[PDB]
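Notes follow once the structure below has been shown.
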Amino acid sequence: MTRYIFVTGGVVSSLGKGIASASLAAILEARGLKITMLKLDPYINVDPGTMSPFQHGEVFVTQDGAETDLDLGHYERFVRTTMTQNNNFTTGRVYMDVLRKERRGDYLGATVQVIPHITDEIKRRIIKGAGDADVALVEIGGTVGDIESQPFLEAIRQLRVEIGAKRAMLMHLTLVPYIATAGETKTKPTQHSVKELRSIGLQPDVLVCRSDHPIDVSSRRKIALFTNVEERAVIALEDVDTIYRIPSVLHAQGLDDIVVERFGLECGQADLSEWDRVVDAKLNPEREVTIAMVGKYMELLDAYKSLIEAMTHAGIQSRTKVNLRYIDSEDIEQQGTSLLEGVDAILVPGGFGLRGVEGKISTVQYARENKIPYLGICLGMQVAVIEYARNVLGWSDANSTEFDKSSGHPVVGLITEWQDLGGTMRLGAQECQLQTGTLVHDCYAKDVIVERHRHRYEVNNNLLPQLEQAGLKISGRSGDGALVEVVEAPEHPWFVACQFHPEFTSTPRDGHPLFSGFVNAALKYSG
Amino acid sequence: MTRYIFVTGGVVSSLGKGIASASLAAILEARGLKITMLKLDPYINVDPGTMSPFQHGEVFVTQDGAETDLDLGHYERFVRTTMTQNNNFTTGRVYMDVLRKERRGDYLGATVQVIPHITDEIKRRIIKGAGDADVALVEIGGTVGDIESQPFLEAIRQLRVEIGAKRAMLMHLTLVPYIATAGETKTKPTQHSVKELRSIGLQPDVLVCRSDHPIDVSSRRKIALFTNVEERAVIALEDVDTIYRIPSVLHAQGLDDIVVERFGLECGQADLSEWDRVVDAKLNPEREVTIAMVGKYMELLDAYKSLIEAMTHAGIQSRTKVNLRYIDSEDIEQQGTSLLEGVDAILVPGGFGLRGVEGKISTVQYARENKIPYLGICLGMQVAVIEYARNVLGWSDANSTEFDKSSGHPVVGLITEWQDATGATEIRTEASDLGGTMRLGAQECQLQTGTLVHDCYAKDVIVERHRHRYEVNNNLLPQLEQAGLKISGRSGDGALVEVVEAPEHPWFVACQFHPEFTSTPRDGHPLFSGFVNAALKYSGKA
Amino acid sequence: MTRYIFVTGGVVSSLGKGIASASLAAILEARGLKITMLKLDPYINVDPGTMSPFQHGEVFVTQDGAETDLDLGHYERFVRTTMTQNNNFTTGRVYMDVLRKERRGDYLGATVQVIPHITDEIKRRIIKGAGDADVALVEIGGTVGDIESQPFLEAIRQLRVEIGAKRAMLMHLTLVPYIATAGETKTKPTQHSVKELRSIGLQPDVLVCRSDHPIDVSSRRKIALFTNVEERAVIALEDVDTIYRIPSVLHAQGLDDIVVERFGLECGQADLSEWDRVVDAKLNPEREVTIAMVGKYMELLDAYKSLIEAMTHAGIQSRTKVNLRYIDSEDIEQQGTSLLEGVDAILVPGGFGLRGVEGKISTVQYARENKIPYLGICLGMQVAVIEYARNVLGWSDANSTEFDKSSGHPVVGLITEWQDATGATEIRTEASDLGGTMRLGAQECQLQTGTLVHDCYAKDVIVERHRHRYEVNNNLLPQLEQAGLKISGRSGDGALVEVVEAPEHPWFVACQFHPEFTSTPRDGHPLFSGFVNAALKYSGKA
């Protein structure tokens, strides 16, 4: 009989609900339990695929082929479980499915409503996502008090009522602010959030207090008495130097003890040795390298969370503090490539939109001419191919069908204008064919791998042989070899341009061979 | 500039939101203003067509062909305007079209939320429904305090904020209950409802208090003080003897004066002479008949609201008290036609479901053979055709493909089944998946000269509202025609059978369309008036 | 007609409700208007006199003799008016007087409720406090959402309804927090606070947003849209370098223009020259001293707000940055007077409790013997007298009856103890139950000519605020007088000792009253100014 822990937010968003849930999942994984996590989004977008990064950051891609909330990434980085479309869903999906059922007449002339039809669908989806796992952590997006999250709150209240306290808990994340003029932290907004939760029939069992200043014991006593919650169930989670240390801190407060006591589980004591290794390798580096990063929206909130996490994992597998320099592509366009001097490696990840691609073209040109370790991702391989055609094959006007169609040399383009008209929508996991003796083979140490892709425009095979005889290495193709996947430079110390997004499978406790090789090349350059 | 009056419910449902809104609209129409009304349903059903009558009563059919809430009917019966699909919509349709817009990418990578996307959709639909009307009365379904109606309340709050008090009002319907153990009425539930309204930023401007006992002046003063509304803005609307007197009642309390004062409208004084005539001819009848109606769920709440309204309109147009005997078809099946003795006319309307059609067949047989005036609607015409084929032509097993697809004489069926068929039981079955076989909304109908339907409607070509899938089988129609079954009306092009008549009957008319939808209290309906006069002819004579 | 501006708190407490209200009042005073302010405390303590400083800081003493909230002090420091007991009250006093009215039968057998009896009492007290002022700023203690402040919010809602928008505003203080992990400020808690305000029928008219980080324009646009207030009605009030610049800050955002536009007032443009001078002389000092203050709870939140304000006023009046060293008396007791080395002046203010008086005795001794300027307040004068009797007259065990009633030389005690006594330890003990022994509020004080206090105050008869029970024992005073202890000031009738001075000291003044209560930033205080100039004389010279 599966058991559920519900996670909610309070006062203000951006508390770290996903990080705390993933930390708990890692903690219980260290105890031998099989843990799974779910994300419920209180917006009526069917999937986050259409959503821009300005709203809720990046759009994570799972192995089964779903564009999900970025929090799922944290999940895969804290437990070794593969996430599918069942572990993340939205209010819009629920409403659309119930509308389709009602149009199908499955309700037999009944007044379909939020209660009980919508809540029934939400509960069914939650149970389906839980699967066979011993414990499922269901995170609720948004903050309590918003009317968008009320269906989720009612559904979890119904679940708590139906399966009892032995199989359900409420971990509510709330912020205690430090008021500078008063020189102390205030628990009043937390009390207001707890009152809001009580007014909807939900009594939190654990309170996670977030603050940028220490949370003292007297405040914990007051917050425990003013919410009718046992003292040890008041967890203080402050701003930390690294997220991977959060499982330690929580363990130091016996919250996993509370979970196992409430659920009546029998398993061994938590072994956090691996996370201790991660935190030790993060806070105590030995080497140091600065890697450039060029794109469109770099410092945007959680816009490239998976990519930065992957590069941190690569630097942590090699004990290097990977300093990052973020340069906008338009800065390179209107100022020249001179902003890139002094770096030891250059990265071009997937760009959001169409503006400022000539800047990335100049960037890959500068990286390849100056023999600086270059790794391109998605749009990176596309701009690398375009630049290589421009500066080796001499096609000055070579471009892609994404951008200005005034291009007599479309080295990258949609399949339809080859061999409107819809879109390929190349999304999800796919099989790969590496080439022997290449850098990709030198890193992956195999010829068959499974990685995730989020592209639509591919490399045109019409002009492929001309580039192939021009020196452009084809170090990887699709699972059948039909399309170009990853390319390399012939006379470069390290130059890989891949269509897929490898940063999604990178974890802190295992790293990623390609990113590790990129970091090692960066150290080889100067470090 | 369009002006809006919002209508809300409180305490409990079934207060009469639609009736009160329609009465106010009638009052304003009597002042010369051009009024329209809208109905917003807080359920996620796309349209009420799939909904059973057990939930929210009948399913009205508009002229443009939409299945809407029954309240729209009230609208057309209180002002002389025509409702379209823009005048009624639901949370389900709003959510579905917003989801389709999001899938189209029309939001350009934006987080679609209840606020402001859903509220924007609701407001746009309100504006589109309002049209060029001087005043639009927007009614909100459900009761205040349910989470289902929160988007609508938020949208009307945004409207109030955006266009100001000179173009917006809130008329909130509440219930003051009479506590028998205390011998007085309590204002506490109304105060709680007003508190719930205040919690969502909505302050009522007019209060319509509903009770089965008189609402005394001290209660009005307390309810105005405890909710910070002027005394004259508290309207007492008790259970009345007939709904058509509510326009008078409200007019006696200066509700229209309040509307005109707030909106700054310049119009003539209210003239309720037509409604006075209606109430006088409804409350003081001179003649009296007893008309039987056999059906499926007769006494169910508001299941046949439009048809009973049509009968009331026919009765008032003739100053006759049409007492009605509701009989279940299964009762006729298990007890015989002897339950029909003593009536002056017999009705078989559209049936809700498939159970007990044989009862209606026997009812049609008894009505025809004993020369008792009969009018059939939708299923009524179908069962009339089936019974006529059974008892005249000798086709004992004749039926409709709705009930028996193995019948050797399918006198009623879908168009595809007998469109191009050799004859007899050439039913292609397979459920005839077409979807559009359901004729819905206004369609033309040509009436043969010299028939009862032509005598009533008095025009050669009429227009009426359809809601039906099963038609008359044209491959066997000539045999019925030469057997004496009169075809008194056909479709706008003549391809399909519309209204039929008996050959040797004082009055026997069966129409496929629903005439009760275009029946109004101030104008009546020629068909129902003729049917009631036929019952008057039968009364006393037989 | 009196006009009201209401001030409320949100999210968390300690936003600066009183400071913001006083700053707005100062702005309006600069326009020539006659402003007053009121403080409404949502606790059932009758007056804050019994309350400890740990709860809500110091206990202010008004001229008429009332123990009030510290916020009243801010009032007197921002406009040149005097606060009375009508300008501050609590839920406890309202409930107690309503209960007394009910016991008197003044309600004539009526069910006394929160609405309308308590609200009526609160409104009447608001009107009485407002007086003849053109504008009254009524501040509500606590944070919106607590059930303790609901009566006050309901009362101000009733006021808004009754006198209209032309005589009422709501300026709501809220907190926008900077989330370090997100690198931006969140408006969600403010929106929740506004929702809580809307749930009780209160719509804010001005929003004062408080943060430690800049409030960008997009946040202001979002916070105005999501709460349906005009953009110019969103005021950004961040943590400032000094509070006296808030009148400038708000004036730069047209808050006074909003107040004038809403209330329809006709007055001259704001002239903040005095506040500009204050901020310039506070933020850009030229000299610098370090003054020691030894006490009981020195760094406690707002425990000595008026006294630190008085020191700031004295410093700005002399363009000197008065750095302050806070030292606990017990630290002096257990470590010696060596913690005092390096300072230019020494202060011993009124003590909160009875612990560590020997430390203050040693502090007075060290200040006198080493010719370091000393000013004592309330307990300061008492310990000065005790130390002078101990170390000059040789009365080693001399003390006050507050701490030692068995002392053979009670140089300080209650009036009844030595009123008619033979001499020496004729203490009647029994706690001297009088209640009125506590001198409170404004009393006169005659100053001897040619003394330091007369040089500072420059007048023969002054008026100052008292809060003290223990007086100087007149049965032993002549011995102190002939021992060299100067009696530089006595009561309005001369019966009691008020201010004393050392005979061979550069500056040594000990006053029984509290001068910090009448100290203002735009006018300073002669006593504190003289003390700071004495420290300036000591600085460099010694």
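Labeling convention for the structure tokens: chains A, B, ... as they appear, residues from 1 per chain, ligands from 1 in order of appearance.
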
* May I ask you to extract the residues of chain C within 8 Å of chain A, using only C-alpha atoms, and to give them as a PyMOL selection string? => chain C and resi 11-15+145+177+179-182+186-189+192+212+239+301

Would you mind listing, as an mmCIF file with N, CA and C atoms, in the first residue's frame, all residues of chain C that have at least one atom within 10 Å of chain B, where only C-alpha atoms are what counts?
```cif
data_model
loop_
_atom_site.group_PDB
_atom_site.id
_atom_site.type_symbol
_atom_site.label_atom_id
_atom_site.label_comp_id
_atom_site.auth_asym_id
_atom_site.auth_seq_id
_atom_site.Cartn_x
_atom_site.Cartn_y
_atom_site.Cartn_z
ATOM 1 N N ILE C 115 -20.588 44.579 17.557
ATOM 2 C CA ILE C 115 -21.315 45.443 16.634
ATOM 3 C C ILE C 115 -22.735 45.590 17.166
ATOM 4 N N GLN C 158 -16.962 51.396 8.988
ATOM 5 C CA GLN C 158 -18.196 52.131 9.226
ATOM 6 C C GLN C 158 -17.985 53.623 9.026
ATOM 7 N N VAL C 161 -17.890 54.344 5.330
ATOM 8 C CA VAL C 161 -19.236 54.308 4.769
ATOM 9 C C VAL C 161 -20.001 55.574 5.132
ATOM 10 N N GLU C 162 -19.880 56.021 6.382
ATOM 11 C CA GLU C 162 -20.725 57.089 6.895
ATOM 12 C C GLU C 162 -20.318 58.484 6.434
ATOM 13 N N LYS C 195 -6.108 40.939 -0.059
ATOM 14 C CA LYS C 195 -7.262 40.047 -0.068
ATOM 15 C C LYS C 195 -7.897 39.967 1.313
ATOM 16 N N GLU C 196 -7.068 39.892 2.354
ATOM 17 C CA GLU C 196 -7.590 39.875 3.717
ATOM 18 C C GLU C 196 -8.323 41.172 4.036
ATOM 19 N N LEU C 197 -7.791 42.300 3.570
ATOM 20 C CA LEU C 197 -8.472 43.582 3.726
ATOM 21 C C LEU C 197 -9.789 43.628 2.964
ATOM 22 N N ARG C 198 -9.834 43.037 1.772
ATOM 23 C CA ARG C 198 -11.059 43.034 0.981
ATOM 24 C C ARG C 198 -12.116 42.139 1.612
ATOM 25 N N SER C 199 -11.686 41.072 2.288
ATOM 26 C CA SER C 199 -12.613 40.168 2.955
ATOM 27 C C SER C 199 -13.376 40.834 4.091
ATOM 28 N N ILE C 200 -12.862 41.929 4.641
ATOM 29 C CA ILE C 200 -13.522 42.643 5.722
ATOM 30 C C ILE C 200 -14.127 43.957 5.229
ATOM 31 N N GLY C 201 -14.291 44.106 3.918
ATOM 32 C CA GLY C 201 -14.936 45.283 3.377
ATOM 33 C C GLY C 201 -14.072 46.516 3.295
ATOM 34 N N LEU C 202 -12.756 46.374 3.413
ATOM 35 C CA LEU C 202 -11.837 47.502 3.380
ATOM 36 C C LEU C 202 -10.995 47.433 2.115
ATOM 37 N N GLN C 203 -11.061 48.485 1.305
ATOM 38 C CA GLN C 203 -10.265 48.588 0.090
ATOM 39 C C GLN C 203 -9.197 49.651 0.294
ATOM 40 N N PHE C 226 -3.004 44.383 -9.483
ATOM 41 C CA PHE C 226 -3.535 43.234 -8.764
ATOM 42 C C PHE C 226 -4.369 43.623 -7.550
ATOM 43 N N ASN C 228 -6.185 46.895 -7.729
ATOM 44 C CA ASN C 228 -7.152 47.866 -8.242
ATOM 45 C C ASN C 228 -7.007 49.224 -7.555
#
```

* Name the closest residue to residue B:404 among the candidates B:476, B:236, B:386, B:5; distances are taken between atoms, counting only C-alpha atoms. =>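 Closest to residue B:404 of all the choices is B:386.
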
* To do: Please identify all polymer residues within 8 Å of stretch 313-323 of chain B, counting only C-alpha atoms, omitting same-chain residues fewer than 5 positions from it, and present them as a ChimeraX atom specification.
  => /B:278,281-282,284-291,519-525,528-529,532-533

Just write the chosen residues, N, CA and C atoms, as a PDB file, in the first residue's frame.
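The resulting selection_6.pdb:
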```
ATOM      1  N   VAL B 278     -52.528  39.968 -18.691  1.00  0.00           N
ATOM      2  CA  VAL B 278     -52.105  38.577 -18.551  1.00  0.00           C
ATOM      3  C   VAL B 278     -52.464  38.047 -17.168  1.00  0.00           C
ATOM      4  N   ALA B 281     -56.315  37.664 -16.761  1.00  0.00           N
ATOM      5  CA  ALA B 281     -56.863  36.537 -17.501  1.00  0.00           C
ATOM      6  C   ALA B 281     -56.316  35.198 -17.028  1.00  0.00           C
ATOM      7  N   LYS B 282     -55.219  35.190 -16.275  1.00  0.00           N
ATOM      8  CA  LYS B 282     -54.708  33.957 -15.693  1.00  0.00           C
ATOM      9  C   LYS B 282     -55.297  33.655 -14.325  1.00  0.00           C
ATOM     10  N   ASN B 284     -58.267  34.830 -13.112  1.00  0.00           N
ATOM     11  CA  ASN B 284     -59.728  34.860 -13.114  1.00  0.00           C
ATOM     12  C   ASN B 284     -60.251  34.201 -14.384  1.00  0.00           C
ATOM     13  N   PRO B 285     -60.166  32.878 -14.474  1.00  0.00           N
ATOM     14  CA  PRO B 285     -60.702  32.182 -15.643  1.00  0.00           C
ATOM     15  C   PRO B 285     -62.217  32.080 -15.582  1.00  0.00           C
ATOM     16  N   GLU B 286     -62.803  31.793 -16.740  1.00  0.00           N
ATOM     17  CA  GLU B 286     -64.245  31.616 -16.857  1.00  0.00           C
ATOM     18  C   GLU B 286     -64.624  30.193 -17.233  1.00  0.00           C
ATOM     19  N   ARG B 287     -63.876  29.566 -18.135  1.00  0.00           N
ATOM     20  CA  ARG B 287     -64.108  28.182 -18.514  1.00  0.00           C
ATOM     21  C   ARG B 287     -63.106  27.273 -17.802  1.00  0.00           C
ATOM     22  N   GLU B 288     -63.180  25.974 -18.085  1.00  0.00           N
ATOM     23  CA  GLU B 288     -62.317  25.007 -17.422  1.00  0.00           C
ATOM     24  C   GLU B 288     -62.344  23.693 -18.186  1.00  0.00           C
ATOM     25  N   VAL B 289     -61.160  23.126 -18.424  1.00  0.00           N
ATOM     26  CA  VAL B 289     -61.017  21.806 -19.025  1.00  0.00           C
ATOM     27  C   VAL B 289     -59.981  21.019 -18.232  1.00  0.00           C
ATOM     28  N   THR B 290     -59.909  19.724 -18.522  1.00  0.00           N
ATOM     29  CA  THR B 290     -58.917  18.834 -17.928  1.00  0.00           C
ATOM     30  C   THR B 290     -58.235  18.079 -19.059  1.00  0.00           C
ATOM     31  N   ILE B 291     -56.951  18.351 -19.263  1.00  0.00           N
ATOM     32  CA  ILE B 291     -56.186  17.802 -20.375  1.00  0.00           C
ATOM     33  C   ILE B 291     -55.175  16.818 -19.809  1.00  0.00           C
ATOM     34  N   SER B 519     -43.763  29.636 -27.733  1.00  0.00           N
ATOM     35  CA  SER B 519     -44.990  30.066 -27.076  1.00  0.00           C
ATOM     36  C   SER B 519     -44.659  31.083 -25.992  1.00  0.00           C
ATOM     37  N   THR B 520     -45.404  32.180 -25.968  1.00  0.00           N
ATOM     38  CA  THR B 520     -45.215  33.288 -25.049  1.00  0.00           C
ATOM     39  C   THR B 520     -46.529  33.608 -24.350  1.00  0.00           C
ATOM     40  N   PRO B 521     -46.483  34.239 -23.171  1.00  0.00           N
ATOM     41  CA  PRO B 521     -47.728  34.503 -22.438  1.00  0.00           C
ATOM     42  C   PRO B 521     -48.541  35.652 -23.008  1.00  0.00           C
ATOM     43  N   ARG B 522     -47.874  36.642 -23.596  1.00  0.00           N
ATOM     44  CA  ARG B 522     -48.579  37.803 -24.116  1.00  0.00           C
ATOM     45  C   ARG B 522     -49.059  37.622 -25.549  1.00  0.00           C
ATOM     46  N   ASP B 523     -48.630  36.561 -26.229  1.00  0.00           N
ATOM     47  CA  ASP B 523     -49.018  36.331 -27.610  1.00  0.00           C
ATOM     48  C   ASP B 523     -49.567  34.934 -27.858  1.00  0.00           C
ATOM     49  N   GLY B 524     -49.338  33.992 -26.952  1.00  0.00           N
ATOM     50  CA  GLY B 524     -49.841  32.648 -27.101  1.00  0.00           C
ATOM     51  C   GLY B 524     -49.184  31.919 -28.261  1.00  0.00           C
ATOM     52  N   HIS B 525     -49.809  30.805 -28.638  1.00  0.00           N
ATOM     53  CA  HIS B 525     -49.378  30.017 -29.778  1.00  0.00           C
ATOM     54  C   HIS B 525     -50.618  29.526 -30.514  1.00  0.00           C
ATOM     55  N   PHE B 528     -51.323  25.605 -29.936  1.00  0.00           N
ATOM     56  CA  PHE B 528     -51.835  25.282 -28.610  1.00  0.00           C
ATOM     57  C   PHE B 528     -53.206  25.899 -28.377  1.00  0.00           C
ATOM     58  N   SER B 529     -53.438  27.099 -28.907  1.00  0.00           N
ATOM     59  CA  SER B 529     -54.758  27.707 -28.795  1.00  0.00           C
ATOM     60  C   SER B 529     -55.808  26.874 -29.516  1.00  0.00           C
ATOM     61  N   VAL B 532     -56.497  23.754 -27.445  1.00  0.00           N
ATOM     62  CA  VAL B 532     -57.315  24.034 -26.272  1.00  0.00           C
ATOM     63  C   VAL B 532     -58.757  24.333 -26.666  1.00  0.00           C
ATOM     64  N   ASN B 533     -58.976  25.039 -27.777  1.00  0.00           N
ATOM     65  CA  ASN B 533     -60.341  25.237 -28.257  1.00  0.00           C
ATOM     66  C   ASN B 533     -60.988  23.925 -28.680  1.00  0.00           C
TER      67      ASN B 533
END
```

* To do: Would you list the contacts of residue B:441 as a VMD selection string, taking every protein, DNA or RNA residue within 12 Å and counting only C-alpha atoms, but skipping same-chain residues closer than 5 positions in sequence?
  => chain B and resid 60 to 68 83 to 85 463 to 468 513 to 515 517 to 518

* Using the chain letters and numbers from this document, which residues of stretch 232-441 of chain C does DSSP assign to alpha helix (DSSP H), as a PyMOL selection string? -> chain C and resi 246-252+255-263+273-283+305-317+329-335+357-369+379-391+415-418

* To do: Using only C-alpha atoms, pick whichever of A:335, A:91, A:419, A:111 has the shortest atom-to-atom distance to residue B:43.
  =>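 So, comparing all the options, the nearest one is A:111.
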
* Can you tell me, as a list in words, what residues are no more than 10 Å from stretch 396-413 of chain A when counting only C-alpha atoms, ignoring any on the same chain fewer than 6 positions away? ->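 Non-adjacent residues within range: residues 353, 354, 355, 357, 358, 381, 382, 383, 385, 386, 387, 388, 389, 390, 456, 457, 458, 459, 460, 461, 462, 463, 464 and 467 of chain A.
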
* **Test item: residues at most 10 Å from stretch 487-491 of chain C, only C-alpha atoms, excluding those fewer than 5 positions along its chain, as a ChimeraX atom specification** => /C:443-454,460-463,477,480-481,496-502,509-512

Same residues, N, CA and C atoms, output as a short mmCIF file (atom, residue, chain, number, x, y, z; two decimals), in the first residue's frame:
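Written file, out-v3.cif:
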```
data_model
loop_
_atom_site.label_atom_id
_atom_site.label_comp_id
_atom_site.auth_asym_id
_atom_site.auth_seq_id
_atom_site.Cartn_x
_atom_site.Cartn_y
_atom_site.Cartn_z
N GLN C 443 4.61 68.50 35.27
CA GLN C 443 4.64 69.25 36.51
C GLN C 443 5.65 70.38 36.38
N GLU C 444 5.42 71.44 37.16
CA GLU C 444 6.32 72.57 37.16
C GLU C 444 7.60 72.24 37.92
N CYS C 445 8.62 73.06 37.69
CA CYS C 445 9.91 72.88 38.35
C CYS C 445 10.61 74.23 38.39
N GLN C 446 10.95 74.68 39.60
CA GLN C 446 11.64 75.95 39.77
C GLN C 446 13.15 75.71 39.81
N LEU C 447 13.88 76.46 39.00
CA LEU C 447 15.31 76.30 38.83
C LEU C 447 16.04 77.43 39.56
N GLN C 448 17.01 77.06 40.39
CA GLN C 448 17.82 78.06 41.07
C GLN C 448 18.68 78.81 40.07
N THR C 449 18.81 80.12 40.27
CA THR C 449 19.58 80.94 39.35
C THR C 449 21.06 80.61 39.45
N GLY C 450 21.74 80.64 38.30
CA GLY C 450 23.18 80.46 38.27
C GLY C 450 23.67 79.03 38.24
N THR C 451 22.78 78.06 38.08
CA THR C 451 23.16 76.65 38.03
C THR C 451 23.17 76.17 36.59
N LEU C 452 23.75 74.98 36.38
CA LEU C 452 23.85 74.43 35.04
C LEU C 452 22.48 74.25 34.40
N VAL C 453 21.52 73.74 35.16
CA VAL C 453 20.18 73.54 34.62
C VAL C 453 19.54 74.87 34.26
N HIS C 454 19.82 75.92 35.04
CA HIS C 454 19.31 77.25 34.69
C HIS C 454 20.03 77.81 33.47
N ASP C 460 13.40 80.59 34.67
CA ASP C 460 13.34 80.36 36.11
C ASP C 460 12.38 79.23 36.47
N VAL C 461 11.26 79.12 35.76
CA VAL C 461 10.28 78.07 36.00
C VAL C 461 10.06 77.31 34.71
N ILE C 462 10.26 76.00 34.74
CA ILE C 462 10.07 75.16 33.57
C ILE C 462 8.97 74.15 33.86
N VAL C 463 8.56 73.40 32.84
CA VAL C 463 7.54 72.36 32.98
C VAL C 463 8.07 71.10 32.32
N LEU C 477 18.24 65.71 53.65
CA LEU C 477 18.72 66.59 52.58
C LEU C 477 19.68 67.68 53.06
N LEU C 480 23.30 66.65 53.01
CA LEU C 480 23.82 66.58 51.66
C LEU C 480 24.09 67.98 51.10
N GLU C 481 23.19 68.92 51.38
CA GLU C 481 23.36 70.28 50.87
C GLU C 481 24.62 70.92 51.42
N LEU C 496 9.82 69.26 47.01
CA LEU C 496 10.58 68.08 46.63
C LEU C 496 11.78 68.46 45.77
N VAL C 497 12.82 67.64 45.87
CA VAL C 497 14.04 67.84 45.10
C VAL C 497 13.83 67.34 43.68
N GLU C 498 14.23 68.15 42.70
CA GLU C 498 14.03 67.81 41.29
C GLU C 498 15.34 67.55 40.56
N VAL C 499 16.26 68.52 40.52
CA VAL C 499 17.52 68.34 39.80
C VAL C 499 18.67 68.75 40.72
N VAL C 500 19.73 67.95 40.71
CA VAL C 500 20.90 68.14 41.56
C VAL C 500 22.14 68.24 40.69
N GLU C 501 23.20 68.81 41.27
CA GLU C 501 24.44 69.08 40.57
C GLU C 501 25.62 68.84 41.49
N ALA C 502 26.77 68.48 40.90
CA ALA C 502 27.99 68.30 41.67
C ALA C 502 28.68 69.65 41.89
N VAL C 509 24.60 66.94 36.00
CA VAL C 509 23.20 67.30 36.22
C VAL C 509 22.39 66.02 36.32
N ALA C 510 21.56 65.93 37.35
CA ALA C 510 20.70 64.77 37.55
C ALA C 510 19.27 65.26 37.77
N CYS C 511 18.38 64.89 36.86
CA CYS C 511 16.99 65.34 36.87
C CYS C 511 16.07 64.17 37.16
N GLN C 512 15.08 64.41 38.02
CA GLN C 512 14.11 63.37 38.33
C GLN C 512 13.15 63.14 37.18
#
```

* **strand (DSSP E or B) call set, DSSP backbone run, stretch 31-161 of chain C, as a list in words** =>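 DSSP on the backbone gives strand (DSSP E or B) at residues 35, 36, 37, 38, 39, 40, 41, 60, 61, 67, 68, 88, 89, 90, 135, 136, 137, 138, 139, 140, 144 and 146 of chain C.
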
* Asked: Excluding same-chain residues fewer than 2 positions from residue A:425, what lies within 8 Å of it counting only C-alpha atoms, as a PyMOL selection string?
  -> chain A and resi 423+427+454-456

Keeping only C-alpha atoms, write the selected residues as a PDB file, in the first residue's frame.
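Output contents, as saved in part.pdb:
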```
ATOM      1  CA  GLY A 423       6.818  19.991 -38.175  1.00  0.00           C
ATOM      2  CA  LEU A 427      11.241  15.191 -28.977  1.00  0.00           C
ATOM      3  CA  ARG A 454      14.269  18.492 -28.318  1.00  0.00           C
ATOM      4  CA  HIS A 455      14.879  19.673 -31.895  1.00  0.00           C
ATOM      5  CA  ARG A 456      12.894  19.996 -35.105  1.00  0.00           C
TER       6      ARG A 456
END
```

* To do: Can you work out which one of B:248, B:475, B:55, B:362 has the shortest atom-to-atom distance to residue B:276, counting only C-alpha atoms?
  =>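 Between B:248, B:475, B:55, B:362, the residue approaching residue B:276 most closely is B:248.
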
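Between atom CA of residue C:255 and atom CA of residue C:171 lies a distance of 10.1 Å.
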